[PDB]
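A.B. asks: Please see the structure below; I have some questions.
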2 protein chains.
Amino acid sequence: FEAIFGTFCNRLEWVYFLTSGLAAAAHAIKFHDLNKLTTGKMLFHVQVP
Amino acid sequence: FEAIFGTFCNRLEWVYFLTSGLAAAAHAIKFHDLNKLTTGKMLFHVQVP
């Protein structure tokens with residue numbers, strides 16, 4: 001006879017965005033209506049000494 | 001629509017003569033009547049051994 005000793009299944013290494021070093025450079029917000037906005041803008045007012 | 005987020009005004013930082021290290025090189029005297037005069041003289045008397 002030939003013997004099949006066993007079948008092994010791989011184990012996945014799950015990851016998330018908020019649990020990684022690159023996330024510190026980021027800052028994450030949920031909005032639910034992003035399709036409706038056209039462009040987001042800042043606005044800076046600066047005075048020079 | 002077009003979304004405008006928070007607007008920022010410059011957080012201008014203050015600086016002073018006294019707080020600077022250059023003030024140690026200086027002696028600072030305030031004198032409310034300085035406008036009237038234009039002459040300031042000091043005199044040195046030395047005898048050499």
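For the structure tokens, the naming scheme is as follows: chains receive sequential letters (A, B, ...) according to their order of presentation, residues are indexed from 1 within each chain, and ligands are indexed from 1 in presentation order.
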Once chain A is fitted to chain B on all Cα atoms paired one-to-one in order, how large is the remaining RMSD?
C.D. replies: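 Pairing the C-alpha atoms in order and fitting gives 1.0 Å.
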A.B. asks: Using only C-alpha atoms, select each residue of chain A with any atom at most 9 Å away from an atom of chain B, and give the selection as a PyMOL selection string.
C.D. replies: chain A and resi 36-49
